[PDB]
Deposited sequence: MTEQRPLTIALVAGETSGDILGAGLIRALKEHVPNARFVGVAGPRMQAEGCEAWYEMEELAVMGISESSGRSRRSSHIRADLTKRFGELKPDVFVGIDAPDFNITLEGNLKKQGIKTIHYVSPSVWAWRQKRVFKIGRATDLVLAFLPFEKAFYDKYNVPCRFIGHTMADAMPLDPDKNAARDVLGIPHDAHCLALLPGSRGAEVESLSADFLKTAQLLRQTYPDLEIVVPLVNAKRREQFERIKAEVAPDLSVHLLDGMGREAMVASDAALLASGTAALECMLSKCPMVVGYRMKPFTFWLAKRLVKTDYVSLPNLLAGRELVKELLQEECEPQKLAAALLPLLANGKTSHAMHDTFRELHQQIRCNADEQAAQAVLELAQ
């Protein structure tokens, strides 16, 4: 049987990676066969599309079950889960259980929000392909086979971009200073940063009165959001509102002000000096930092030094798991009595007559 590769892509970015992977493999094995969940680019390269990438939830669970069986029957030489970790990691695990060799393409950095998920990746995969070196170093800490392959955007973007050519595309004068404002691809980011970014540009106009200001907006919604904010904050500030074209804007500009994330890497490859501005809910940042630091989020467990009360976070905060955790407690029996007694002990440990303690602290210092 000729080399047969199973692929699953779940988004346009993954379809691009998959098509590039197919082309490179056909160079070494022109007879290779490719099947799975394919977008139009993978299909154009010959990927058999059992399902369309756009089809990636009830339906998703059904597809993953079907692929688990079919890939099980097929026994492909390798399975490559292309990104889409919420779908592919579990699938990679199901196939590894059947002895099939699995690769996960792209570090699921956001998805792997806790140690337990790193171990899930390692158990589900024979190898992880990581774009960046510090991602490989991360998995090195866990004896998880990971190969640093470089970043495809670095292959696609030249070392020395043409600033003047980008300015010609955007109609930006070559003699003017030019500032790129990337308020973010997410609504939360745009809402948090757009006003401050506009005020920043207003301040800079005081020094550079002919400063060109280009604003690449990823989609119509984010655009309408930005115009709304601008109308209330800086109605008289003339700017270039662009539909996409963030790459052109950054290659063209002399500096960029970015929310953060993928833009900062693309900006680096554009050779545009940048300043990164970001703002997040302080309350949740504290919770996260609390968790990273202790594995807990709730005060009873911090006071007890153990998982005294059950904490179900993120994907574990789900009805079935919540109900299973509450059922022993609603029984109002032995378990509830033991938690009751520990609660009384901790209550006593922090019952100190704080008003008097504070009053004494004042009097000592005085």
Exercise for the section: Mind pulling out the bits of the deposited sequence that never got modelled, as residue ranges from 1? Expected result: 1 to 4, 61 to 71, 382
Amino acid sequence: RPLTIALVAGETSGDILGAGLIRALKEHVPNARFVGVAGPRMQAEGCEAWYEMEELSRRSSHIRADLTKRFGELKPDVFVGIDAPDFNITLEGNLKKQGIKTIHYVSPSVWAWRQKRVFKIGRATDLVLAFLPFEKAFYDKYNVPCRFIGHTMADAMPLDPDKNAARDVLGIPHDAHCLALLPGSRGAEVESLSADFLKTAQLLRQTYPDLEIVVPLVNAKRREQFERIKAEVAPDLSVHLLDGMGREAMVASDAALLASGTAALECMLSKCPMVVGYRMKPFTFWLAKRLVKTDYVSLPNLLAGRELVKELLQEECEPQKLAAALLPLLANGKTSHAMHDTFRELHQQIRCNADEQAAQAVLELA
From here on, numbers count along this sequence of modelled residues.
Fill in the blank from the handout: The stretch whose C-alpha atoms carry the larger average B-factor in the entry, 77 to 85 or 234 to 242, is 234 to 242
Fill in the blank from the handout: With B-factors read from the PDB entry, the higher C-alpha mean of 249 to 257 and 115 to 123 is in 115 to 123
Completion exercise
For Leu179, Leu132, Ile100, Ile103, the deposited C-alpha B-factor is largest at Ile100
Completion exercise
For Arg64, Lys321, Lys310, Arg58, the deposited C-alpha B-factor is largest at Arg58
Practice task
Within this chain's modelled residues, let me know which third the CA B factor of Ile229 belongs to: lowest, middle or highest.
Solution key: highest
Problem - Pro161 by Cα B-factor - lowest, middle or highest third of the modelled chain - result: middle
Fill in the blank from the handout: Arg279: CA temperature factor from the record, placed by chain third, in the middle
Completion exercise
Here the Cα B-factor of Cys146, set against its chain, lands in the third termed middle
Handout entry: Relative C-alpha B-factor of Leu17, binned into the chain's lowest, middle or highest third
Key = lowest
